Each structure stands twice: as C-alpha cells, then as structure tokens.
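Printed here is model.txt (compact mmCIF, C-alpha atoms):
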```
# COMPACT_ATOMS: atom_id res chain seq x y z
CA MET I 1 32.95 -42.97 -37.61
CA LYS I 2 30.48 -41.40 -35.18
CA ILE I 3 29.70 -42.37 -31.59
CA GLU I 4 26.18 -43.24 -32.74
CA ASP I 5 27.64 -45.84 -35.10
CA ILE I 6 29.06 -47.64 -32.08
CA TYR I 7 25.64 -47.92 -30.46
CA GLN I 8 24.10 -48.97 -33.78
CA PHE I 9 26.66 -51.77 -34.11
CA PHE I 10 25.36 -53.35 -30.92
CA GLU I 11 21.72 -52.38 -31.48
CA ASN I 12 21.54 -53.70 -35.05
CA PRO I 13 24.46 -56.15 -35.53
CA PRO I 14 25.85 -56.06 -39.07
CA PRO I 15 25.80 -59.28 -41.12
CA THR I 16 28.50 -61.93 -40.81
CA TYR I 17 30.76 -62.12 -43.85
CA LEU I 18 31.95 -65.63 -44.66
CA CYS I 19 35.66 -66.27 -44.46
CA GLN I 20 37.30 -68.36 -47.17
CA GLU I 21 37.19 -71.68 -45.29
CA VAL I 22 33.45 -71.38 -44.71
CA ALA I 23 32.74 -69.99 -48.17
CA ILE I 24 34.43 -73.02 -49.74
CA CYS I 25 32.06 -75.35 -47.87
CA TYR I 26 29.01 -73.20 -48.66
CA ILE I 27 29.87 -73.11 -52.36
CA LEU I 28 30.33 -76.88 -52.51
CA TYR I 29 27.06 -77.33 -50.60
CA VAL I 30 25.29 -75.36 -53.35
CA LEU I 31 27.10 -76.90 -56.32
CA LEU I 32 26.25 -80.41 -55.13
CA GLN I 33 22.58 -79.49 -55.56
CA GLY I 34 23.16 -78.14 -59.06
CA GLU I 35 25.35 -75.84 -61.13
CA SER I 36 25.55 -72.21 -60.07
CA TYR I 37 27.52 -69.05 -60.86
CA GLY I 38 29.18 -66.27 -58.89
CA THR I 39 26.44 -63.68 -58.59
CA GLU I 40 23.87 -66.38 -57.79
CA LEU I 41 26.05 -67.97 -55.10
CA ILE I 42 26.24 -64.60 -53.37
CA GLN I 43 22.59 -63.65 -53.84
CA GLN I 44 21.25 -67.06 -52.80
CA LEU I 45 23.13 -66.83 -49.50
CA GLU I 46 21.92 -63.40 -48.41
CA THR I 47 18.38 -64.03 -49.63
CA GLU I 48 17.98 -67.21 -47.57
CA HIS I 49 20.22 -66.10 -44.67
CA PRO I 50 19.79 -62.27 -44.42
CA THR I 51 22.34 -61.88 -41.61
CA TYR I 52 25.06 -63.43 -43.77
CA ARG I 53 27.09 -62.09 -46.70
CA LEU I 54 29.68 -63.37 -49.18
CA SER I 55 32.05 -60.79 -50.67
CA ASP I 56 33.31 -60.90 -54.26
CA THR I 57 36.83 -61.14 -52.86
CA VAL I 58 36.11 -64.20 -50.75
CA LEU I 59 33.90 -65.74 -53.44
CA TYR I 60 36.58 -65.71 -56.10
CA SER I 61 39.39 -66.55 -53.63
CA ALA I 62 37.32 -69.67 -52.89
CA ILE I 63 36.65 -70.35 -56.57
CA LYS I 64 40.37 -70.03 -57.33
CA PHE I 65 41.12 -72.49 -54.55
CA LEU I 66 38.56 -74.96 -55.88
CA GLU I 67 39.73 -74.65 -59.50
CA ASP I 68 43.43 -74.78 -58.58
CA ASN I 69 42.68 -78.04 -56.77
CA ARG I 70 40.60 -79.36 -59.67
CA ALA I 71 37.60 -79.63 -57.31
CA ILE I 72 35.26 -77.85 -59.71
CA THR I 73 34.99 -77.11 -63.42
CA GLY I 74 33.58 -74.05 -65.12
CA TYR I 75 31.95 -73.39 -68.48
CA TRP I 76 30.23 -70.35 -69.98
CA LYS I 77 26.47 -70.57 -70.40
CA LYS I 78 23.98 -68.23 -72.04
CA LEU I 79 21.09 -67.98 -69.59
CA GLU I 80 17.51 -67.46 -70.76
CA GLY I 81 16.40 -63.84 -70.76
CA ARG I 82 19.92 -62.60 -70.08
CA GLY I 83 22.42 -61.27 -72.59
CA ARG I 84 25.58 -61.65 -70.48
CA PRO I 85 26.85 -65.25 -70.27
CA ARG I 86 27.72 -66.60 -66.83
CA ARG I 87 30.45 -69.05 -65.88
CA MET I 88 28.71 -72.11 -64.38
CA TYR I 89 30.55 -74.25 -61.84
CA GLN I 90 30.11 -77.95 -61.20
CA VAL I 91 31.81 -80.33 -58.78
CA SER I 92 34.34 -82.60 -60.49
CA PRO I 93 33.53 -86.32 -60.26
CA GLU I 94 36.81 -86.94 -58.46
CA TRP I 95 35.76 -84.55 -55.70
CA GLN I 96 32.18 -85.74 -55.27
CA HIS I 97 32.76 -87.50 -51.96
CA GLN I 98 35.21 -85.00 -50.52
CA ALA I 99 32.79 -82.22 -51.49
CA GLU I 100 29.94 -83.95 -49.68
CA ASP I 101 32.06 -83.99 -46.51
CA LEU I 102 32.87 -80.28 -46.77
CA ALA I 103 29.25 -79.40 -47.59
CA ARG I 104 28.27 -81.05 -44.29
CA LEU I 105 30.50 -78.60 -42.44
CA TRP I 106 28.54 -75.67 -43.86
CA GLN I 107 25.16 -77.28 -43.24
CA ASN I 108 26.10 -77.78 -39.60
CA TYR I 109 27.75 -74.37 -39.26
CA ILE I 110 24.70 -72.41 -40.35
CA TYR I 111 22.27 -74.64 -38.45
CA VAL I 112 24.05 -74.29 -35.11
CA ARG I 113 24.44 -70.53 -35.51
CA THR I 114 20.77 -69.90 -36.33
CA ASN I 115 19.07 -72.43 -34.04
CA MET U 1 45.32 -72.81 -48.31
CA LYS U 2 44.88 -76.53 -47.71
CA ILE U 3 41.93 -78.85 -47.09
CA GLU U 4 43.11 -79.56 -43.55
CA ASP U 5 42.90 -75.83 -42.78
CA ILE U 6 39.21 -75.98 -43.62
CA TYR U 7 38.62 -78.83 -41.19
CA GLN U 8 40.69 -76.99 -38.57
CA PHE U 9 38.52 -73.87 -38.86
CA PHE U 10 35.46 -75.83 -37.73
CA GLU U 11 37.10 -78.20 -35.24
CA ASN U 12 39.22 -75.55 -33.53
CA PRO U 13 37.56 -72.15 -34.18
CA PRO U 14 40.15 -69.36 -34.55
CA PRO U 15 39.95 -66.40 -32.15
CA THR U 16 37.69 -63.49 -33.06
CA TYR U 17 39.49 -60.28 -34.06
CA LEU U 18 37.65 -57.23 -32.75
CA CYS U 19 36.24 -54.76 -35.26
CA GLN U 20 36.66 -51.03 -34.63
CA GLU U 21 33.33 -50.46 -32.89
CA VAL U 22 33.98 -53.23 -30.37
CA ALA U 23 37.66 -52.35 -29.90
CA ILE U 24 36.71 -48.77 -29.01
CA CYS U 25 34.48 -50.01 -26.18
CA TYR U 26 37.07 -52.54 -25.01
CA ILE U 27 39.79 -49.89 -24.93
CA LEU U 28 37.63 -47.53 -22.86
CA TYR U 29 36.77 -50.42 -20.53
CA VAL U 30 40.49 -50.90 -19.85
CA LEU U 31 41.37 -47.20 -19.64
CA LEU U 32 38.65 -46.66 -17.02
CA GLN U 33 40.70 -49.01 -14.83
CA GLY U 34 43.81 -46.89 -15.28
CA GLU U 35 46.22 -45.61 -17.92
CA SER U 36 47.43 -48.10 -20.48
CA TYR U 37 49.35 -48.34 -23.73
CA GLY U 38 49.04 -49.99 -27.13
CA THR U 39 51.02 -53.18 -26.61
CA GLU U 40 49.34 -53.78 -23.25
CA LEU U 41 45.86 -53.21 -24.65
CA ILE U 42 46.54 -55.95 -27.20
CA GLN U 43 48.20 -58.39 -24.82
CA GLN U 44 45.68 -57.87 -22.02
CA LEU U 45 42.81 -58.77 -24.34
CA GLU U 46 44.33 -62.14 -25.24
CA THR U 47 45.16 -62.88 -21.61
CA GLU U 48 41.68 -62.06 -20.30
CA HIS U 49 39.79 -63.49 -23.28
CA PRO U 50 41.84 -66.22 -25.06
CA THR U 51 39.22 -66.46 -27.83
CA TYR U 52 39.67 -62.82 -28.87
CA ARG U 53 42.40 -60.77 -30.52
CA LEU U 54 43.07 -57.13 -31.33
CA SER U 55 45.09 -56.29 -34.42
CA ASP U 56 47.55 -53.43 -34.52
CA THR U 57 45.47 -51.89 -37.33
CA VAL U 58 42.17 -51.95 -35.44
CA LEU U 59 43.90 -50.79 -32.25
CA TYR U 60 45.13 -47.60 -33.86
CA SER U 61 41.93 -47.09 -35.89
CA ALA U 62 40.25 -47.09 -32.46
CA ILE U 63 42.86 -44.81 -30.91
CA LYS U 64 42.41 -42.40 -33.81
CA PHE U 65 38.66 -42.34 -33.20
CA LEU U 66 39.13 -41.78 -29.47
CA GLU U 67 41.73 -39.03 -29.87
CA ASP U 68 39.80 -37.33 -32.68
CA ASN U 69 36.78 -37.17 -30.37
CA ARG U 70 38.88 -36.03 -27.39
CA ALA U 71 37.73 -39.11 -25.46
CA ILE U 72 41.28 -39.93 -24.40
CA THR U 73 44.52 -38.04 -23.83
CA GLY U 74 47.95 -39.32 -24.73
CA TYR U 75 51.34 -38.45 -23.26
CA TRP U 76 54.92 -39.73 -23.22
CA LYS U 77 56.19 -41.67 -20.22
CA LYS U 78 59.83 -42.40 -19.43
CA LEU U 79 60.38 -45.91 -18.05
CA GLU U 80 63.20 -46.64 -15.62
CA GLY U 81 65.85 -48.84 -17.19
CA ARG U 82 64.60 -48.39 -20.75
CA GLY U 83 65.71 -45.79 -23.26
CA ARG U 84 62.59 -45.69 -25.44
CA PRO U 85 59.72 -43.73 -23.89
CA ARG U 86 56.23 -45.23 -23.78
CA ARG U 87 53.08 -43.61 -25.18
CA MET U 88 50.36 -43.77 -22.51
CA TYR U 89 46.63 -43.13 -22.80
CA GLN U 90 44.04 -42.02 -20.22
CA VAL U 91 40.32 -41.43 -20.52
CA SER U 92 39.56 -37.71 -20.74
CA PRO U 93 38.05 -36.45 -17.44
CA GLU U 94 34.78 -35.24 -18.96
CA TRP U 95 34.32 -38.48 -20.92
CA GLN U 96 33.99 -40.51 -17.73
CA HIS U 97 30.24 -41.13 -18.01
CA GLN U 98 30.21 -41.78 -21.77
CA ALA U 99 33.20 -44.11 -21.54
CA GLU U 100 31.39 -46.08 -18.84
CA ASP U 101 28.33 -46.44 -21.08
CA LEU U 102 30.49 -47.71 -23.94
CA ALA U 103 32.41 -49.97 -21.57
CA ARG U 104 29.11 -51.59 -20.59
CA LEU U 105 28.52 -52.43 -24.25
CA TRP U 106 31.84 -54.30 -24.25
CA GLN U 107 31.07 -56.18 -21.04
CA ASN U 108 27.66 -57.28 -22.35
CA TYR U 109 29.17 -58.14 -25.75
CA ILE U 110 31.85 -60.34 -24.20
CA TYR U 111 29.45 -61.83 -21.65
CA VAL U 112 26.97 -63.19 -24.20
CA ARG U 113 29.74 -64.42 -26.52
CA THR U 114 31.70 -66.12 -23.74
CA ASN U 115 29.23 -67.03 -21.00
```

Take the structure in the file and give it back as structure tokens.
Amino acid sequence: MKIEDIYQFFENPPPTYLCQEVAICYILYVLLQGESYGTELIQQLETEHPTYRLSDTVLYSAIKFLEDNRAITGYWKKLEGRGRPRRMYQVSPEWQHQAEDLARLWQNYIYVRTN
Amino acid sequence: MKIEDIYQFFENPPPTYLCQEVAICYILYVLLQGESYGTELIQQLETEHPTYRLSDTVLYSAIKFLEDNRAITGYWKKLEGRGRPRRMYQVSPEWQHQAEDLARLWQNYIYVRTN
C-alpha cells in the first residue's frame, strides 16, 4: 500500500460490500419479485446501487444458509441466447411471509443509507 | 447463523471494524499524543469510540505499513513489576507533519460517522 492510497480511500470511498445478514435480506427482496440466479443477483445490485457490492463468497454463504433452511429452492434453467445453464432460485411457499419481513429490512437499509 | 442474528444486525448494528487505511490514520492520531503499544491502541479505540473496533490483523497490517515507510519507530520497554517487556511505538520525528495530515483524516472520518 502507498500513502496516496490512504488519501484516495477518503477522497473516493470504496463501495460497501454486503455482509451475510444484509445479503440474505437483499436476495430475498429480489427473489420475491421473481426468480434470479447468482451472477444476476450480484450484477443487479451494483448496477442499481453503484456504491454497493456483493462478493461471490457472501452470495453463496447466503444461498447455502437459505437452502439449508429450506427458504429457497433451486433448479437449472437454460436461458435464451446463453449456452451455460444457470441455477434459478425461488422462495419456498413456506417462507413467503418470513421472506417478506426480511426483504423489508433490506428495503429500509438501502433507503436510509442513500437518502 | 440464525434468523434472529439477522434481525439483531439491523436492530443493534454491530461495531465497525477499521480497514487498514483508516487504522493507519487512527494509529498516527494516537501516537502523536505520545508513545503507545498494540494492546492499548486496540483498547483505546473501543473506549473512545464504542461503535468501532480494531482487529489484531488490521492493527499489525497498519504497523507494517508504518514501519516499512519509516513513519514510526519501535523499541522494547521494560515495565516495573512485569517480566515480559512491552513493544512501544513512536511517530518518527520527520513524519510529524505528514502524521498530522493523516490524523486529520481520522478525526474527520470519525466526526461525520459519529456526530
């Protein structure tokens, strides 16, 4: 690291990487609107909220948590115009209401931090 | 983890662990006040700013940076009543001005995120 990197850190703050607790709520917030997959969950976040990021590590730690708890289901889908199938996630019916509650936490979290 | 941990994250935000860039400025801020040592640098942060923490890993990543750049000097101090010596740090004489500039970054950083 260089001394200039210190100044840069304060001048141009790096993006905030979601921790697992927040990522879980963000993921459920998205899945409640419709099925999505890993790469899209990450891309959608940084495209709409440029000062935010979701790492592969946190993403799949969150997915593991959700699948271990039977909160979501996954299935492989062949997307149009793409050769590589993607594993689509959907909220399990049993978690619909609980998921809505967690999704609210993300909606409020991002709103308060950007307004 | 557990669902309750998710709710806890939002209801009772966990303290912020300093990243290297910020820790470097915080450490210089303290050293400008007088010589200090690792354990004190960590404890003093929590005491002065209860919503912040400094990990042992970031502390010594910061110390490495400072020593590599000759911004601080280290030496062994014998304490009365204790067998194990203590490793003390002091800002290097010629780094006075630069350390003060970096210290200001810390003060502003902590001011905006705490006041």

Can you pull out every residue within 12 Å of residue 48 of chain I, counting only C-alpha atoms, but drop anything in the same chain fewer than 6 positions away, and send it as an NGL selection string? :I and (40-42 or 110 or 114)

Got a sec: who's within 10 Å of residue 1 of chain U, counting all atoms listed in the file, leaving out chain neighbours fewer than 5 positions off, as a list in words? residues 20, 21, 62 and 65 of chain I; 6 of chain U

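Restricting the calculation to all atoms listed in the file, the smallest distance between residue 37 of chain I and any of I:4, I:68, I:11, I:56 is found for I:56.
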
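A least-squares superposition of chain I on chain U, with Cα atoms paired in sequence order, returns an RMSD value of 0.9 Å.
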
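Omitting residue 33 of chain U and its sequence neighbours fewer than 3 positions away, and counting all atoms listed in the file, the residues within 12 Å are residues 26, 27, 28, 29, 30, 36, 41, 89, 90, 91, 96, 99, 100 and 103 of chain U.
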
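For the set U:97, U:2, U:86, U:49, the residue with the smallest atom-to-atom gap to chain I is U:2, counting only C-alpha atoms.
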
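Every residue of chain I that lies within 10 Å of chain U is listed here, counting only C-alpha atoms: residues 1, 2, 3, 5, 6, 7, 8, 9, 10, 11, 19, 20, 21, 22, 23, 24, 25, 62, 65, 69, 98, 101, 102, 105, 106, 108 and 109 of chain I.
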
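A straight line drawn from atom CA of residue 39 of chain I to atom CA of residue 88 of chain I is 10.5 Å long.
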
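Picture a line from atom CA of residue 34 of chain I to atom CA of residue 17 of chain I; it runs 23.4 Å.
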
For residue 50 of chain U, which of U:35, U:107, U:16, U:115 is the closest residue, counting only C-alpha atoms? U:16

Suppose you want the space between atom CA of residue 111 of chain I and atom CA of residue 45 of chain I; what is it in Å? 13.6 Å

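Proximity ranking of U:52, U:60, U:95, U:75 relative to residue 15 of chain U places U:52 first, based on only C-alpha atoms.
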
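Closest approach to residue 61 of chain U among U:31, U:85, U:14, U:38 is made by U:38 (distances from all atoms listed in the file).
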